[PDB]
$ cat upload-v9.tsv   # TSV, C-alpha atoms and all ligand atoms
chain	number	residue	atom	x	y	z
A	1	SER	CA	0.00	0.00	0.00
A	2	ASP	CA	3.10	2.15	-0.17
A	3	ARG	CA	5.26	0.26	-2.63
A	4	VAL	CA	2.66	0.62	-5.41
A	5	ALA	CA	1.43	4.00	-6.60
A	6	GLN	CA	0.01	5.89	-9.57
A	7	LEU	CA	0.41	9.58	-10.34
A	8	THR	CA	-2.12	10.87	-12.85
A	9	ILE	CA	-2.24	14.57	-13.67
A	10	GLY	CA	-3.12	16.12	-16.99
A	11	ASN	CA	-3.46	13.50	-19.68
A	12	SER	CA	-0.36	11.58	-18.61
A	13	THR	CA	-0.08	9.01	-15.84
A	14	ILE	CA	2.86	7.03	-14.51
A	15	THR	CA	2.55	3.76	-12.64
A	16	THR	CA	5.10	2.48	-10.19
A	17	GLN	CA	4.96	-0.74	-8.23
A	18	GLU	CA	8.19	-0.50	-6.26
A	19	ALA	CA	8.01	3.09	-5.01
A	20	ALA	CA	9.18	4.33	-1.64
A	21	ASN	CA	6.65	7.06	-0.75
A	22	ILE	CA	5.73	10.52	-1.99
A	23	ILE	CA	7.29	13.35	-0.02
A	24	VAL	CA	5.76	16.80	-0.23
A	25	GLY	CA	8.45	19.47	-0.13
A	26	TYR	CA	8.31	21.56	3.06
A	27	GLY	CA	5.01	19.99	4.01
A	28	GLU	CA	2.70	21.83	1.65
A	29	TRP	CA	1.15	21.32	-1.77
A	30	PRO	CA	1.53	23.74	-4.68
A	31	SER	CA	-1.33	26.19	-4.83
A	32	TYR	CA	-2.53	29.23	-6.70
A	33	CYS	CA	-1.51	32.74	-5.76
A	34	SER	CA	-4.00	34.26	-3.35
A	35	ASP	CA	-5.11	37.86	-3.64
A	36	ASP	CA	-3.23	38.65	-0.44
A	37	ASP	CA	0.02	37.91	-2.26
A	38	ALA	CA	-0.49	38.94	-5.87
A	39	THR	CA	0.72	42.30	-7.13
A	40	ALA	CA	0.20	42.01	-10.89
A	41	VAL	CA	-3.14	43.49	-11.90
A	42	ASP	CA	-3.85	41.50	-15.05
A	43	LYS	CA	-5.82	38.28	-14.94
A	44	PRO	CA	-3.51	35.25	-15.16
A	45	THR	CA	-3.91	32.43	-17.62
A	46	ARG	CA	-4.28	28.95	-16.13
A	47	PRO	CA	-4.16	26.21	-18.77
A	48	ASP	CA	-4.87	23.49	-16.16
A	49	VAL	CA	-4.47	20.44	-18.44
A	50	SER	CA	-2.15	21.28	-21.31
A	51	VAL	CA	0.77	22.19	-19.03
A	52	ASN	CA	0.20	19.94	-16.00
A	53	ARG	CA	1.64	16.86	-17.65
A	54	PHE	CA	4.49	14.53	-16.84
A	55	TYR	CA	7.16	15.64	-19.33
A	56	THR	CA	9.76	12.90	-19.75
A	57	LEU	CA	12.91	14.84	-20.54
A	58	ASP	CA	16.16	12.94	-20.89
A	59	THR	CA	18.02	9.77	-20.05
A	60	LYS	CA	21.39	9.75	-18.29
A	61	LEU	CA	23.33	6.50	-18.34
A	62	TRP	CA	24.72	5.64	-14.92
A	63	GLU	CA	27.96	3.67	-14.93
A	64	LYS	CA	30.24	2.74	-12.05
A	65	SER	CA	32.30	5.96	-12.15
A	66	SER	CA	29.66	8.66	-12.46
A	67	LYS	CA	29.72	11.90	-10.50
A	68	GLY	CA	26.21	13.33	-10.50
A	69	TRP	CA	23.91	15.54	-12.53
A	70	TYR	CA	21.70	18.57	-12.03
A	71	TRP	CA	18.73	20.12	-13.79
A	72	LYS	CA	17.69	23.74	-13.21
A	73	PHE	CA	14.00	24.13	-12.96
A	74	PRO	CA	11.93	25.51	-14.76
A	75	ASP	CA	14.53	25.93	-17.49
A	76	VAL	CA	14.20	22.27	-18.37
A	77	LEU	CA	10.72	23.04	-19.71
A	78	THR	CA	11.13	26.36	-21.49
A	79	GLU	CA	11.81	24.45	-24.72
A	80	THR	CA	9.11	21.77	-24.46
A	81	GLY	CA	5.41	21.59	-25.16
A	82	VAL	CA	2.69	24.02	-24.19
A	83	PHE	CA	4.64	24.86	-21.03
A	84	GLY	CA	7.52	26.03	-23.19
A	85	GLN	CA	5.16	28.07	-25.33
A	86	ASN	CA	3.31	29.73	-22.47
A	87	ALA	CA	6.51	30.50	-20.57
A	88	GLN	CA	8.02	32.20	-23.61
A	89	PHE	CA	5.00	34.36	-24.33
A	90	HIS	CA	4.26	35.35	-20.74
A	91	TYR	CA	6.61	37.40	-18.62
A	92	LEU	CA	5.43	36.21	-15.21
A	93	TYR	CA	5.17	32.61	-14.05
A	94	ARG	CA	4.55	30.49	-11.00
A	95	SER	CA	4.09	26.74	-10.56
A	96	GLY	CA	4.86	23.80	-8.37
A	97	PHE	CA	6.37	20.58	-9.61
A	98	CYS	CA	5.85	16.86	-9.13
A	99	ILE	CA	9.27	15.38	-9.84
A	100	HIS	CA	9.53	11.66	-10.52
A	101	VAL	CA	12.90	10.06	-11.32
A	102	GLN	CA	13.02	6.43	-12.45
A	103	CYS	CA	16.04	4.16	-12.15
A	104	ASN	CA	15.35	0.44	-12.33
A	105	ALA	CA	17.83	-2.36	-11.84
A	106	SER	CA	17.77	-6.08	-11.23
A	107	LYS	CA	17.84	-7.79	-7.87
A	108	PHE	CA	21.60	-8.36	-8.27
A	109	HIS	CA	22.63	-4.77	-9.01
A	110	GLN	CA	23.39	-2.45	-6.13
A	111	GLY	CA	23.97	1.22	-5.47
A	112	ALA	CA	22.17	4.25	-4.08
A	113	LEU	CA	21.34	7.73	-5.35
A	114	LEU	CA	20.49	10.95	-3.56
A	115	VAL	CA	17.92	12.70	-5.70
A	116	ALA	CA	17.44	15.97	-3.85
A	117	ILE	CA	16.01	19.37	-4.50
A	118	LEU	CA	17.51	22.63	-3.32
A	119	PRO	CA	16.13	26.11	-3.96
A	120	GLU	CA	18.30	28.85	-5.45
A	121	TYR	CA	21.07	26.46	-6.39
A	122	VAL	CA	23.70	28.91	-7.52
A	123	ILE	CA	26.80	27.56	-9.26
A	124	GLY	CA	30.35	28.50	-8.41
A	125	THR	CA	33.50	27.72	-10.34
A	126	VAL	CA	36.94	26.43	-9.41
A	127	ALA	CA	38.12	30.09	-9.31
A	128	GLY	CA	40.96	29.46	-11.71
A	129	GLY	CA	42.17	26.44	-9.80
A	130	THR	CA	44.32	28.07	-7.15
A	131	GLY	CA	41.49	30.38	-6.11
A	132	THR	CA	42.52	33.88	-7.16
A	133	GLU	CA	40.73	34.64	-10.45
A	134	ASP	CA	37.06	35.64	-10.30
A	135	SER	CA	35.69	33.31	-12.95
A	136	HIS	CA	31.96	33.19	-13.45
A	137	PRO	CA	30.30	30.02	-14.78
A	138	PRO	CA	29.14	30.02	-18.40
A	139	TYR	CA	25.51	30.12	-19.46
A	140	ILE	CA	25.36	26.39	-20.13
A	141	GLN	CA	26.69	25.43	-16.69
A	142	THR	CA	24.25	27.93	-15.21
A	143	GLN	CA	21.16	26.78	-17.14
A	144	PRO	CA	21.76	23.52	-19.02
A	145	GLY	CA	18.15	23.00	-20.02
A	146	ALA	CA	16.62	19.61	-20.70
A	147	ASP	CA	20.05	18.15	-21.45
A	148	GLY	CA	21.19	18.39	-17.82
A	149	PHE	CA	24.74	18.93	-16.72
A	150	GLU	CA	27.26	16.72	-14.95
A	151	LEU	CA	28.80	17.80	-11.65
A	152	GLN	CA	32.55	18.38	-11.65
A	153	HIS	CA	33.16	18.18	-7.90
A	154	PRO	CA	30.08	16.57	-6.34
A	155	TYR	CA	31.51	16.60	-2.82
A	156	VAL	CA	31.10	20.38	-2.82
A	157	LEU	CA	28.18	20.39	-5.34
A	158	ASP	CA	30.03	23.02	-7.44
A	159	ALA	CA	28.94	25.62	-4.88
A	160	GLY	CA	31.19	25.13	-1.85
A	161	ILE	CA	28.43	23.41	0.12
A	162	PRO	CA	28.90	19.77	1.14
A	163	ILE	CA	26.68	17.03	-0.20
A	164	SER	CA	26.75	15.36	3.22
A	165	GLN	CA	24.15	17.84	4.43
A	166	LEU	CA	22.17	18.14	1.22
A	167	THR	CA	19.74	15.82	3.03
A	168	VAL	CA	18.30	18.90	4.79
A	169	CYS	CA	16.56	19.93	1.57
A	170	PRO	CA	13.67	17.81	0.19
A	171	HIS	CA	15.07	14.52	-0.92
A	172	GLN	CA	14.71	10.74	-0.99
A	173	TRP	CA	17.03	7.95	-2.01
A	174	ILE	CA	16.94	5.44	-4.83
A	175	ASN	CA	18.81	2.40	-3.59
A	176	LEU	CA	18.35	-0.42	-6.03
A	177	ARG	CA	17.60	-3.10	-3.46
A	178	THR	CA	14.42	-1.38	-2.27
A	179	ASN	CA	12.94	1.15	-4.69
A	180	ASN	CA	13.18	2.18	-8.30
A	181	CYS	CA	11.63	5.65	-8.27
A	182	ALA	CA	11.47	8.81	-6.20
A	183	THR	CA	8.55	11.25	-6.26
A	184	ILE	CA	9.24	14.72	-4.83
A	185	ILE	CA	6.37	17.21	-4.83
A	186	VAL	CA	7.74	20.75	-4.65
A	187	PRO	CA	5.64	23.90	-4.12
A	188	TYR	CA	6.47	27.28	-5.58
A	189	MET	CA	9.29	28.72	-3.51
A	190	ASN	CA	10.38	32.29	-4.27
A	191	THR	CA	10.07	35.60	-2.45
A	192	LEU	CA	8.00	37.54	-4.94
A	193	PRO	CA	4.82	35.70	-5.96
A	194	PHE	CA	5.41	35.52	-9.73
A	195	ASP	CA	8.73	35.75	-11.51
A	196	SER	CA	10.26	35.46	-14.95
A	197	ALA	CA	10.65	31.94	-16.28
A	198	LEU	CA	13.63	32.68	-18.52
A	199	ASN	CA	15.98	34.39	-16.06
A	200	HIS	CA	15.30	32.98	-12.60
A	201	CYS	CA	15.60	29.24	-11.99
A	202	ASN	CA	13.93	28.51	-8.66
A	203	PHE	CA	15.66	25.25	-7.77
A	204	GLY	CA	17.95	22.53	-9.01
A	205	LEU	CA	17.44	18.78	-8.98
A	206	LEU	CA	20.66	17.19	-7.77
A	207	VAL	CA	20.84	13.49	-8.64
A	208	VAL	CA	24.12	12.10	-7.27
A	209	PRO	CA	25.13	8.45	-6.83
A	210	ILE	CA	26.62	8.31	-3.35
A	211	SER	CA	26.99	4.57	-3.06
A	212	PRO	CA	28.26	3.59	-6.51
A	213	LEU	CA	26.71	1.16	-8.93
A	214	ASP	CA	28.11	-2.35	-8.79
A	215	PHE	CA	27.21	-5.57	-10.58
A	216	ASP	CA	29.10	-8.67	-11.60
A	217	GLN	CA	29.97	-8.89	-15.27
A	218	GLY	CA	27.20	-10.67	-17.14
A	219	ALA	CA	24.37	-8.47	-15.95
A	220	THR	CA	22.99	-5.57	-17.95
A	221	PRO	CA	25.62	-2.80	-17.96
A	222	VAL	CA	23.27	-0.02	-19.10
A	223	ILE	CA	21.36	1.42	-16.14
A	224	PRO	CA	19.54	4.58	-17.22
A	225	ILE	CA	18.16	7.40	-15.10
A	226	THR	CA	15.17	9.23	-16.57
A	227	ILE	CA	13.50	12.15	-14.81
A	228	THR	CA	9.88	13.08	-15.47
A	229	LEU	CA	8.37	16.24	-14.07
A	230	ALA	CA	4.92	17.80	-14.00
A	231	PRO	CA	4.22	21.50	-13.39
A	232	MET	CA	1.35	21.58	-10.94
A	233	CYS	CA	-0.92	24.59	-10.40
A	234	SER	CA	0.90	26.65	-13.02
A	235	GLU	CA	-0.20	30.12	-14.02
A	236	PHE	CA	1.29	32.79	-16.25
A	237	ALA	CA	0.82	36.52	-16.73
A	238	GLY	CA	2.03	39.47	-18.76
A	239	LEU	CA	1.51	38.49	-22.38
A	240	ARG	CA	3.93	39.73	-25.05
A	241	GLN	CA	5.82	38.31	-28.01
A	242	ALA	CA	8.07	35.27	-27.79
A	243	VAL	CA	11.44	35.62	-26.14
A	244	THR	CA	13.64	32.54	-26.17
A	245	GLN	CA	16.26	33.46	-23.58
B	1	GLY	CA	-36.15	-42.10	8.92
B	2	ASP	CA	-32.47	-41.40	9.51
B	3	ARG	CA	-30.17	-40.49	12.41
B	4	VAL	CA	-27.23	-39.35	10.25
B	5	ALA	CA	-26.31	-35.69	9.87
B	6	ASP	CA	-24.55	-36.16	6.54
B	7	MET	CA	-27.68	-36.55	4.43
B	8	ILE	CA	-29.86	-33.79	5.91
B	9	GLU	CA	-27.37	-31.04	5.00
B	10	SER	CA	-26.65	-32.37	1.52
B	11	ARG	CA	-26.78	-19.45	-8.49
B	12	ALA	CA	-25.12	-16.84	-10.72
B	13	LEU	CA	-22.46	-14.29	-9.82
B	14	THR	CA	-23.50	-11.64	-12.34
B	15	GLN	CA	-26.59	-9.45	-12.58
B	16	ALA	CA	-27.88	-8.14	-15.90
B	17	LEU	CA	-28.28	-4.44	-15.41
B	18	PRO	CA	-30.25	-2.38	-17.97
B	19	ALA	CA	-27.99	-0.33	-20.23
B	20	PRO	CA	-29.77	1.53	-23.03
B	21	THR	CA	-26.92	3.94	-23.76
B	22	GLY	CA	-23.19	3.77	-23.24
B	23	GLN	CA	-22.18	4.98	-19.84
B	24	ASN	CA	-21.36	8.59	-19.09
B	25	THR	CA	-17.93	9.91	-18.19
B	26	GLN	CA	-17.92	11.72	-14.87
B	27	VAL	CA	-15.48	14.53	-14.14
B	28	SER	CA	-12.14	13.42	-12.77
B	29	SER	CA	-9.16	15.43	-11.63
B	30	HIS	CA	-5.52	14.61	-11.04
B	31	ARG	CA	-4.47	12.23	-8.32
B	32	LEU	CA	-1.11	11.88	-6.58
B	33	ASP	CA	-1.87	8.90	-4.38
B	34	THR	CA	0.08	5.84	-3.34
B	35	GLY	CA	-1.38	2.52	-2.29
B	36	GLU	CA	-4.12	2.30	-4.91
B	37	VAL	CA	-3.32	1.93	-8.61
B	38	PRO	CA	-6.02	1.60	-11.30
B	39	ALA	CA	-3.64	1.11	-14.21
B	40	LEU	CA	-1.60	-1.91	-13.09
B	41	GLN	CA	-3.90	-4.85	-13.74
B	42	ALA	CA	-3.22	-8.59	-13.65
B	43	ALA	CA	-4.03	-10.07	-17.05
A	301	LIG	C1	46.19	10.53	-34.96
A	301	LIG	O1	46.76	10.06	-33.73
A	301	LIG	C2	45.90	10.20	-32.58
A	301	LIG	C3	46.70	9.72	-31.39
A	301	LIG	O2	46.55	8.33	-31.18
A	301	LIG	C4	44.61	9.41	-32.79
A	301	LIG	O3	43.76	9.66	-31.67
A	301	LIG	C5	43.05	8.45	-31.34
A	301	LIG	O4	41.70	8.48	-31.78
A	301	LIG	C6	41.07	7.21	-31.62
A	301	LIG	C7	39.68	7.25	-32.23
A	301	LIG	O5	38.80	8.00	-31.38
A	301	LIG	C8	41.00	6.84	-30.14
A	301	LIG	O6	40.58	5.47	-30.04
A	301	LIG	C9	39.33	5.37	-29.34
A	301	LIG	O7	39.50	5.60	-27.95
A	301	LIG	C10	38.25	5.62	-27.25
A	301	LIG	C11	38.49	6.16	-25.87
A	301	LIG	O8	39.30	5.28	-25.10
A	301	LIG	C12	39.74	6.07	-23.97
A	301	LIG	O9	38.63	6.37	-23.10
A	301	LIG	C13	38.11	5.30	-22.28
A	301	LIG	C14	36.93	5.86	-21.51
A	301	LIG	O10	36.82	5.17	-20.29
A	301	LIG	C15	35.62	5.61	-19.62
A	301	LIG	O11	34.66	4.57	-19.59
A	301	LIG	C16	35.09	3.36	-18.92
A	301	LIG	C17	34.01	2.32	-19.11
A	301	LIG	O12	33.81	2.12	-20.51
A	301	LIG	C18	35.38	3.69	-17.44
A	301	LIG	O13	35.88	2.53	-16.80
A	301	LIG	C19	36.41	4.84	-17.33
A	301	LIG	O14	36.60	5.20	-15.97
A	301	LIG	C20	36.01	6.06	-18.18
A	301	LIG	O15	34.92	6.70	-17.50
A	301	LIG	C21	35.06	8.13	-17.60
A	301	LIG	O16	34.47	8.62	-18.80
A	301	LIG	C22	33.05	8.41	-18.90
A	301	LIG	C23	32.65	8.76	-20.33
A	301	LIG	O17	31.27	8.44	-20.51
A	301	LIG	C24	32.36	9.28	-17.83
A	301	LIG	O18	30.95	9.11	-17.89
A	301	LIG	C25	32.87	8.89	-16.42
A	301	LIG	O19	32.36	9.82	-15.46
A	301	LIG	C26	34.41	8.78	-16.32
A	301	LIG	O20	34.89	10.11	-16.09
A	301	LIG	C27	39.23	4.79	-21.38
A	301	LIG	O21	38.74	3.77	-20.53
A	301	LIG	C28	40.36	4.25	-22.26
A	301	LIG	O22	41.39	3.72	-21.44
A	301	LIG	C29	42.20	2.83	-22.23
A	301	LIG	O23	43.60	3.09	-22.03
A	301	LIG	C30	44.11	2.86	-20.69
A	301	LIG	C31	45.58	3.26	-20.70
A	301	LIG	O24	45.84	4.03	-19.53
A	301	LIG	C32	43.86	1.38	-20.29
A	301	LIG	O25	44.27	1.16	-18.95
A	301	LIG	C33	42.36	1.05	-20.43
A	301	LIG	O26	42.10	-0.30	-20.04
A	301	LIG	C34	41.84	1.37	-21.84
A	301	LIG	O27	42.48	0.46	-22.75
A	301	LIG	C35	41.53	-0.47	-23.33
A	301	LIG	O28	40.37	0.19	-23.89
A	301	LIG	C36	40.46	0.84	-25.20
A	301	LIG	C37	39.06	1.24	-25.58
A	301	LIG	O29	38.59	2.18	-24.61
A	301	LIG	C38	41.10	-0.10	-26.22
A	301	LIG	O30	41.24	0.58	-27.46
A	301	LIG	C39	42.46	-0.54	-25.70
A	301	LIG	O31	43.16	-1.29	-26.69
A	301	LIG	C40	42.30	-1.32	-24.39
A	301	LIG	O32	41.57	-2.50	-24.73
A	301	LIG	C41	40.90	5.32	-23.22
A	301	LIG	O33	41.66	6.22	-22.40
A	301	LIG	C42	37.66	4.20	-27.26
A	301	LIG	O34	36.38	4.20	-26.67
A	301	LIG	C43	37.57	3.64	-28.72
A	301	LIG	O35	37.36	2.23	-28.66
A	301	LIG	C44	36.30	1.85	-29.56
A	301	LIG	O36	36.77	1.71	-30.90
A	301	LIG	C45	37.73	0.65	-31.14
A	301	LIG	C46	38.14	0.74	-32.60
A	301	LIG	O37	37.95	2.09	-33.03
A	301	LIG	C47	37.08	-0.70	-30.78
A	301	LIG	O38	38.01	-1.75	-30.99
A	301	LIG	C48	36.63	-0.67	-29.31
A	301	LIG	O39	36.02	-1.91	-28.97
A	301	LIG	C49	35.69	0.51	-29.02
A	301	LIG	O40	34.44	0.19	-29.66
A	301	LIG	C50	33.39	0.44	-28.70
A	301	LIG	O41	33.10	1.86	-28.64
A	301	LIG	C51	32.29	2.41	-29.70
A	301	LIG	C52	32.22	3.92	-29.51
A	301	LIG	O42	32.00	4.21	-28.12
A	301	LIG	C53	30.92	1.73	-29.63
A	301	LIG	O43	30.01	2.34	-30.52
A	301	LIG	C54	31.13	0.25	-30.00
A	301	LIG	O44	29.87	-0.40	-30.08
A	301	LIG	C55	32.12	-0.47	-29.05
A	301	LIG	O45	31.38	-0.81	-27.87
A	301	LIG	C56	31.29	-2.25	-27.73
A	301	LIG	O46	32.49	-2.81	-27.18
A	301	LIG	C57	32.79	-2.46	-25.80
A	301	LIG	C58	34.12	-3.11	-25.45
A	301	LIG	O47	35.16	-2.16	-25.67
A	301	LIG	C59	31.64	-2.92	-24.90
A	301	LIG	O48	31.92	-2.57	-23.55
A	301	LIG	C60	30.32	-2.26	-25.37
A	301	LIG	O49	29.24	-2.65	-24.53
A	301	LIG	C61	30.03	-2.55	-26.85
A	301	LIG	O50	29.64	-3.93	-26.91
A	301	LIG	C62	38.81	3.95	-29.59
A	301	LIG	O51	39.80	2.99	-29.25
A	301	LIG	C63	42.35	6.97	-29.44
A	301	LIG	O52	42.15	6.95	-28.02
A	301	LIG	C64	43.07	8.26	-29.83
A	301	LIG	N1	44.43	8.23	-29.35
A	301	LIG	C65	44.71	8.05	-28.06
A	301	LIG	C66	46.16	7.88	-27.73
A	301	LIG	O53	43.84	8.01	-27.20
A	301	LIG	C67	43.94	9.84	-34.10
A	301	LIG	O54	42.82	9.02	-34.39
A	301	LIG	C68	44.92	9.75	-35.27
A	301	LIG	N2	44.29	10.22	-36.49
A	301	LIG	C69	43.78	9.41	-37.42
A	301	LIG	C70	43.16	10.07	-38.61
A	301	LIG	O55	43.80	8.19	-37.29
$ encode --input "upload-v9.tsv" --output "structure tokens"
Amino acid sequence: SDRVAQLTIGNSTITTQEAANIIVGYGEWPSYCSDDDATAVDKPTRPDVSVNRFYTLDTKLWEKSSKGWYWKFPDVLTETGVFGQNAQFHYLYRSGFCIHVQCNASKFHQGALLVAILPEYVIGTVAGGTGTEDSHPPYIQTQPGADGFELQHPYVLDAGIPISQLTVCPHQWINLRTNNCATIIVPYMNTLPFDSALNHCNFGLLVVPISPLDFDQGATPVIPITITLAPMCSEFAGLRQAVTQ
Amino acid sequence: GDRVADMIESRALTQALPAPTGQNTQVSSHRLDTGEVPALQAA
């Protein structure tokens, strides 16, 4: 009654029969902006079906020597579907997300992942190596899009913060002896109630193998990791022509 | 004319309901719920 689930929203459902449990980030569901909070005076659009779908984005192969990946949300979906068309026309934006990452393996493979969220995941550099040149990260390390980006130094998460206490932020583990998926429901976290969808990326989805993959030779050596996400309770405002960046 | 208790103790599952039209489709919403799964059947 906990191992088996089904998440239907929009026209797309996903079934899982070896889940762990759904955690709701910071204990509350995504919701619409109340009139106590809103400052924009134009009526928002709320598509309510066409953008609240599980978008399956990409597939990272996980071998025995991987480091970890990250996806900046919502810039994984400003190139995809009716979410990517409404977020490019409209200046303002708010939504929550239901984030579901699948990674199946046999009952002989082993290894654990820490799929975790963290809001305002800013990216530092190696500062020129020795630490004296103020190098800023490029635009693709900042906002990789639906392609994702691989961590260089996952012990410090490319930001000088340790991964050992990433477990404070909303997370759950995918260890291949127990579960194969990890649902994380995230509300809209930001100070101001709407923001731009092209500039500001509210959070980043860190997916790091902490305990590495291991399997005896003869088993299937290709163990993919696919993340599917669904913008919940999304609404846009401030209509103008299409910007792409 | 017996004293034995073996002899003295010695049916459809489905009901035909009337269905003139095909059944309606009620309004559903999303659901994010563990435990119960309507998709995963056992064929
Ligand atoms: C001029 O001159 C110049 C100079 O020379 C030249 O150049 C060149 O070029 C060429 C071409 O390109 C080249 O060659 C190539 O190479 C490549 C590479 O190699 C490298 O690298 C690798 C990598 O590794 C990785 O992975 C692994 C696993 O796999 C792991 O373990 C590790 O760790 C790593 O990891 C990393 O990375 C990754 C990526 O992804 C990531 O993710 C992670 O994170 C990490 O970081 C390596 O390994 C290698 O190493 C080597 O070496 C060393 C030394 O030190 C040793 O120790 C080792 O062992 C090795 O050795 C081995 O191996 C190799 C291979 O690799 C071989 O060759 C040798 O002999 C030995 O055995 C390196 O460093 C490669 O890849 C390639 O190969 C390919 O091809 C060939 C022919 O061509 C063949 O034969 C092979 O087989 C292969 O094939 C494959 O692949 C493909 C593509 O990919 C595919 O498609 C196919 O299908 C296949 O697959 C298959 O098979 C396999 C087996 O193998 C299996 O597994 C699978 O499953 C399937 O079935 C090539 O070779 C070169 O290099 C260069 N050079 C140099 C020096 O380098 C030029 O060219 C000229 N010019 C003209 C015009 O000519």
$ residues_near_ligand --input "upload-v9.tsv" --ligand "ligand LIG 301 (chain A)" --cutoff "10 Å" --atoms "all atoms listed in the file" --output "number ranges by chain"
A: 60-68, 150-152, 220-222
$ interface_residues --input "upload-v9.tsv" --of "chain A" --to "chain B" --cutoff "9 Å" --atoms "only C-alpha atoms" --output "PyMOL selection string"
chain A and resi 1-11+13-17+19+21-22+98
$ write_last_selection --input "upload-v9.tsv" --atoms "C-alpha atoms" --output "PDB file, keeping the file's coordinate frame"
ATOM      1  CA  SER A   1       0.000   0.000   0.000  1.00  0.00           C
ATOM      2  CA  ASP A   2       3.100   2.150  -0.170  1.00  0.00           C
ATOM      3  CA  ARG A   3       5.260   0.260  -2.630  1.00  0.00           C
ATOM      4  CA  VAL A   4       2.660   0.620  -5.410  1.00  0.00           C
ATOM      5  CA  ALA A   5       1.430   4.000  -6.600  1.00  0.00           C
ATOM      6  CA  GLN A   6       0.010   5.890  -9.570  1.00  0.00           C
ATOM      7  CA  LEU A   7       0.410   9.580 -10.340  1.00  0.00           C
ATOM      8  CA  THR A   8      -2.120  10.870 -12.850  1.00  0.00           C
ATOM      9  CA  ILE A   9      -2.240  14.570 -13.670  1.00  0.00           C
ATOM     10  CA  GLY A  10      -3.120  16.120 -16.990  1.00  0.00           C
ATOM     11  CA  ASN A  11      -3.460  13.500 -19.680  1.00  0.00           C
ATOM     12  CA  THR A  13      -0.080   9.010 -15.840  1.00  0.00           C
ATOM     13  CA  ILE A  14       2.860   7.030 -14.510  1.00  0.00           C
ATOM     14  CA  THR A  15       2.550   3.760 -12.640  1.00  0.00           C
ATOM     15  CA  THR A  16       5.100   2.480 -10.190  1.00  0.00           C
ATOM     16  CA  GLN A  17       4.960  -0.740  -8.230  1.00  0.00           C
ATOM     17  CA  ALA A  19       8.010   3.090  -5.010  1.00  0.00           C
ATOM     18  CA  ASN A  21       6.650   7.060  -0.750  1.00  0.00           C
ATOM     19  CA  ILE A  22       5.730  10.520  -1.990  1.00  0.00           C
ATOM     20  CA  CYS A  98       5.850  16.860  -9.130  1.00  0.00           C
TER      21      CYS A  98
END
$ atom_distance --input "upload-v9.tsv" --atom1 "atom CA of residue 108 of chain A" --atom2 "atom CA of residue 180 of chain A"
13.5 Å
$ atom_distance --input "upload-v9.tsv" --atom1 "atom CA of residue 37 of chain A" --atom2 "atom CA of residue 234 of chain A"
15.6 Å
$ atom_distance --input "upload-v9.tsv" --atom1 "atom CA of residue 27 of chain B" --atom2 "atom CA of residue 41 of chain B"
22.6 Å
$ closest_residue --input "upload-v9.tsv" --among "A:217, A:39, A:228, A:130" --to "residue 59 of chain A" --atoms "only C-alpha atoms"
A:228
$ closest_residue --input "upload-v9.tsv" --among "A:84, A:204, A:25, A:231" --to "residue 149 of chain A" --atoms "all atoms listed in the file"
A:204
$ residues_around --input "upload-v9.tsv" --residues "residue 176 of chain A" --least-positions-apart "5" --cutoff "12 Å" --atoms "all atoms listed in the file" --output "PyMOL selection string"
chain A and resi 18-20+102-114+181-182+209+211-215+223+225
$ residues_near_point --input "upload-v9.tsv" --point "(30.9, 20.9, -5.8)" --cutoff "12 Å" --atoms "all atoms listed in the file" --output "list in words"
residues 67, 68, 69, 70, 121, 122, 123, 124, 125, 126, 150, 151, 152, 153, 154, 155, 156, 157, 158, 159, 160, 161, 162, 163, 164, 166, 206 and 208 of chain A
$ residues_around --input "upload-v9.tsv" --residues "residue 92 of chain A" --least-positions-apart "3" --cutoff "10 Å" --atoms "all atoms listed in the file" --output "list in words"
residues 40, 44, 86, 87, 88, 89, 193, 194, 195, 196, 197, 198, 235, 236, 237, 238 and 239 of chain A
